[PDB]
Every structure is written in structure tokens, then in C-alpha cells.
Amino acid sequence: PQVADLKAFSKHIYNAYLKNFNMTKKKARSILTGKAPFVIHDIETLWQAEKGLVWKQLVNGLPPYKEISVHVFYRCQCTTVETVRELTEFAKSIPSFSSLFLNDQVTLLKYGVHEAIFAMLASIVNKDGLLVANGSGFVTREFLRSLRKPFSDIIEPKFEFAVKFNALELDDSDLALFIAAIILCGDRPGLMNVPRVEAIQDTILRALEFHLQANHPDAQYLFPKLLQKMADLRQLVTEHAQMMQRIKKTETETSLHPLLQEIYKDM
């Protein structure tokens, strides 16, 4: 009965995921393996791509131009905000989330979206770079390394996490549950109805446990491995937030999007 009810639960969350995210891991890995994106690996190809690739965010809508490293940061920032939007619609497509009072919904999103973003980011990452512009471009890890501090520093740790997370070989059906577990997290500060969020979280984690038994029958220790990845993401986001505070302090000409400011306001 428990195993049965949780199967239906997991399907409803997978459907919310397919409905709301712009790219699946299945799509992204098929592009990344060739089963072609324009490669951005230096200033000239960055320029050609801004001339020749279709970006969700028209380049004129980015903040005013400053320099190459900041331009790259602005595109990272636009994508981050776009993914907050998708995560919000994903969360709202989950009935037990939509039943929480709107203020707790905000609290969960505030402290959860970056963790979820960096987990999902892995889907479009390999050891050599990552997909951009809805898969029509590929930016190399080496080029991102070449940007000036503090912008190269805030990027490289995400690759390190991603290459390790991708070795677990989750598919989209696993990720939908994993992400749901990250957002529906009863530990976040200032939650109003904690026992309710704890109850939902535990349901998701039991559903995820059974899902991996069925979907990855020969993978050992995969559930506890993923719990530890949830702990790892928390530390990745702590470090991210600290790097953002230094960018705010030392790079005063760099615009920071007000929604992300609201997230960092008191972490």
C-alpha cells in the first residue's frame, strides 16, 4: 500500500517536472554526446554567439555593458532568475506545496532554489563545459576559468560538484523527486508550519527511496549517497552566497538582479 501510493506520488511530481522545466537531462545528454552546439571558448566566439545564437534574454535587456567577465556574469544571472521562475512553477504544480500558505511557499523557495539550481545544472554539464542558449551553444570550462577573479572562482566549484553528481547517473524521473526534496525542506529558517513541511519532505524521501529501488535495482547505497549530496549542496550554496557577498563588496559596478538580492538579504 505504501509502495503503491508513493508510486502515484512520484509520477505526479515527474509530470510537474516535465511540464515546467525548459530542458530535460535526457535532452541535454543527447546534445552533449552528439546523439551541433556552437562552441564558445574565447572572446571572438563569445561575440559571434551574441551575434548568432538565440538567447531567451535579448542582449539589449541585460544590464549596460561593462567588460567580458561581467557580461558573462550577467548571462549567468539572467539564467539563474529564469530557473527560479521554472522552480516556482514546478513547486506550485505540486499539490502539497500549493496548500502551504503563500508565505511558507516563499520561505522554501528563498532558501531552496539555489540548491535546486546547482543540482539541475549538472544535467547540462560535462567535464569540458556546459550548454547555453537552450542547447544551441556550449561554453568551455577552460574559457570560464580564464575570466578574472571573482567571476572564475564562483563558477568552477559548480563543475566540481556536477561531474561527481553526474557519475550517479540519475535520470529525469529521479531528479524530479530529488529536487522536490530539496525545496520541501523542513529545516529552512523562519518556516511557519514546520511539522507540515517535515511531513511532506518525508513523503518525498520515502517515494524517492522506492523509486530508486525500481529504477536503479543494481545501484548500491544510492539513496544514502543522494542524502549526502543534499548536504553537499547546502555547503555549495553557503560558499556561493559568501562569494556573492564579496562580489557585492568589491565589484560595485556589477549590477545585481533585485530578486537574487532578496534571496541573499539574510542568509
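In this text, residue numbers run from 1 along the sequence as written. Here the rigid core means the biggest group of C-alpha atoms that line up within 1.5 Å when the two forms are laid on top of each other.
Here 63-71 and 25-33 are scored by the root mean square distance of their C-alpha atoms in 7 other deposited structures of this protein, with each structure fitted by the rigid core; the higher score goes to 63-71. Stretch comparison, 46-54 versus 200-208: after rigid core superposition, larger RMS CA deviation in 7 other deposited structures of this protein is found for 46-54.
Looking at 168-176 and 97-105 together, the entry lists the larger mean B-factor for 97-105, computed on C-alpha atoms. Of the two segments examined, 159-167 and 110-118, it is 159-167 that shows the higher average Cα temperature factor in the deposited entry. By the numbers in the PDB entry, the CA B factor is greatest at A219 among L205, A219, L227, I40. Which of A214, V237, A231, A28 has the largest Cα B-factor in the deposited entry comes down to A214. Ranked within its chain, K149 lands in the highest third, by CA B factor from the PDB record. The deposited CA B-factor of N193 belongs to the highest third of values across its chain. Ranked by Cα temperature factor within the chain, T33 sits in the highest third according to the deposited record. In the deposited entry, the Cα temperature factor of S10 sits in the middle third of values across the chain's modelled residues. Per the PDB record, residue ranking by Cα B-factor puts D187 in the highest third of the chain.
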